[PDB]
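These notes concern the structure reproduced below.
With ideal geometry, Cβ positions are generated from the backbone for all residues, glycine too; neighbour counts draw on all protein chains shown. We did not get these values from a lab; they are worked out from the coordinates using the rules stated.
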Amino acid sequence: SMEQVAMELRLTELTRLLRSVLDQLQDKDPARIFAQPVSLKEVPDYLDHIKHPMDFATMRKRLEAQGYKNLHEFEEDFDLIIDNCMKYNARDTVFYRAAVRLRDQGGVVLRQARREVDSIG
């Protein structure tokens, strides 16, 4: 149908905007601490601690399959990255501190993304 196509174009455009959002958030992680999944070869107990692992490469795969229906879904995944880290790692670690800085810096980007998503519909 024509409606299915229009819906698909909206999803494609959301995907375009989320790709730009994802790029901007990942720039706030210049150490690349959150770029890839935590290695289960190197942290073999990780899944005993963290039930829903997340990372920027895994988000990017979902994004490119147009797997985010709305900004809320994308934000859920970004929040997992931060929140997982802040649980597994102690306050005095470069990992925890990196997550805090990512959260604080990403807040700004996500604030305007929400306005853009609502504005353009």
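What are the residues in segment 10-32 that are of a type outside the set (K, R) and assigned to a loop (DSSP other than H, G, I, E, B), if any?
If the condition is that a residue be of a type outside the set (K, R) and assigned to a loop (DSSP other than H, G, I, E, B), then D29, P30, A31 are the ones that fit.
Does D79 meet the test of being acidic (D, E), surrounded by 13 or more Cβ atoms within 10 Å (Cβ to Cβ) and under 13 Å from the mean Cα position of the chain (by Cα)?
yes
Any residue in segment 72-95 that's of a type in the set (D, E, K, R): show its pairings with residues that are surrounded by fewer than 18 Cβ atoms within 10 Å (Cβ to Cβ) and assigned to a loop (DSSP other than H, G, I, E, B) at Cβ separation under 9 Å, as long as the two are six or more apart or on different chains.
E73/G67; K87/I50
Where in segment 33-113 are there helices (runs of 4 or more DSSP H), lying fully within it, with 1 or more residues that are of a type in the set (K, R)?
In segment 33-113, the matching helices (runs of 4 or more DSSP H) lie at 56-64, 71-88.
Name the single residue that is surrounded by the most Cβ atoms within 10 Å (Cβ to Cβ) among those in segment 1-49 being touching a residue at least 60 places away in the same chain (Cβ under 8 Å) and within 20 Å of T93 (Cβ to Cβ).
For segment 1-49, the residue satisfying everything is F34.
Against the definition (closer than 25 Å to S119 by Cα and among the hydrophobic types (A, V, I, L, M, F, W, C)), how does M54 come out, yes or no?
Judged against the criteria, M54 is not a match.
Name the single residue that is farthest from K51 (Cα to Cα) among those in segment 96-108 being touching a residue at least 40 places away in the same chain (Cβ under 8 Å) and surrounded by fewer than 18 Cβ atoms within 10 Å (Cβ to Cβ).
Filtering segment 96-108 for residues that are touching a residue at least 40 places away in the same chain (Cβ under 8 Å) and surrounded by fewer than 18 Cβ atoms within 10 Å (Cβ to Cβ), the one farthest from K51 (Cα to Cα) comes out as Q105.
What is the residue count in segment 50-71 for residues that are of a type outside the set (D, E, K, R) and in contact (Cβ under 8 Å) with a residue 40 or more places away in the chain?
5
Could you check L9 against (1) aliphatic (A, V, I, L, M); (2) within 29 Å of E116 (Cβ to Cβ); (3) in contact with a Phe, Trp or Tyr (Cβ under 9 Å, 6 or more places away or on another chain) and say which number it fails?
(3)
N89 passes all but one of (1) surrounded by 15 or more Cβ atoms within 10 Å (Cβ to Cβ); (2) under 13 Å from the mean Cα position of the chain (by Cα); (3) not aromatic (F, W, Y); which number fails?
It fails just one condition, (2).
Scan segment 31-71 residue by residue and report those that are of a type in the set (F, W, Y) and over 27 Å from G121 (Cα atoms).
Passing the criteria: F34, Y46.
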